[PDB]
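Here's the structure, in structure tokens; my notes come after.
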Amino acid sequence: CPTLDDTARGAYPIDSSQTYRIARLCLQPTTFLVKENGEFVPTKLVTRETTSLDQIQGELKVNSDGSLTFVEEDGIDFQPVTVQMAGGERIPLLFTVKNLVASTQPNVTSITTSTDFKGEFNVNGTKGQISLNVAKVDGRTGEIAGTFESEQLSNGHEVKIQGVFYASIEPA
Ligand SMILES: [Ca+2]
């Protein structure tokens, strides 16, 4: 995924008289864990091609409490990934956030390094939860970066996916 400029700094103010969108959200997994004996255990990524989900986008709606809700409306729908257990079993997964609806804390006056988005997604047989932890904001450009954690049930397994993300926020 893209990265922020090395001098990126500040907060990204949110004008309550305007409406906003996520123009691009890219999720780059760094870890796939699969439940075995009740424990999420690490697996090795086998897929050599890109595993990132990119181009995710949609409105950021305002709720009655000043929180923002991101509604995914377009983007790459899924990425097929294969991971390998320690003992050699290869497991195909579809990494996705299709139909994501995710909200921030109340009283959004600016996107900062303490902003979080939490929500759920669901597509076909997968039901999932994800948290986006913003870690860096470029207030000039609307670019943000952070880490994410998702949990879902893809292909008969319970899977946790974690990684880094990049996003760009802008007025409608
Ligand atoms: Ca944070």
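No hydrogens, no waters, no symmetry mates; every other heavy atom, side chains included, goes into these values. Starting from 1, each residue takes its place in the sequence as its number. Note that ligands are numbered from 1 as they come in the structure, with each ligand's atoms numbered from 1 the same way.
When each of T50, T51, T96, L94 is tested with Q79 by the rule side-chain contact (heavy atoms from CB on, under 4.5 Å), just one qualifies, namely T50.
The Ca ion (ligand 1) lies under 3.0 Å from an N, O or S atom belonging to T113. The Ca ion (ligand 1) has an N, O or S atom of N133 inside 3.0 Å of it. Under 3.0 Å from the Ca ion (ligand 1) lies an N/O/S atom of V134, whether from backbone or side chain.
Aromatic ring orientation, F32 versus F95: perpendicular (interplanar angle above 60°, classes split at 30° and 60°).
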* Please step through side chain to side chain contact (heavy atoms under 4.5 Å, CB included) for the pair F117 and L60, ending with a clear verdict. => CA-CA 11 Å; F117 292 83; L60 276 168; 3.9 Å; yes
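Note on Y166: it does not cluster hydrophobically with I130, by side-chain heavy-atom contacts below 4.5 Å among ILVMFWY residues.
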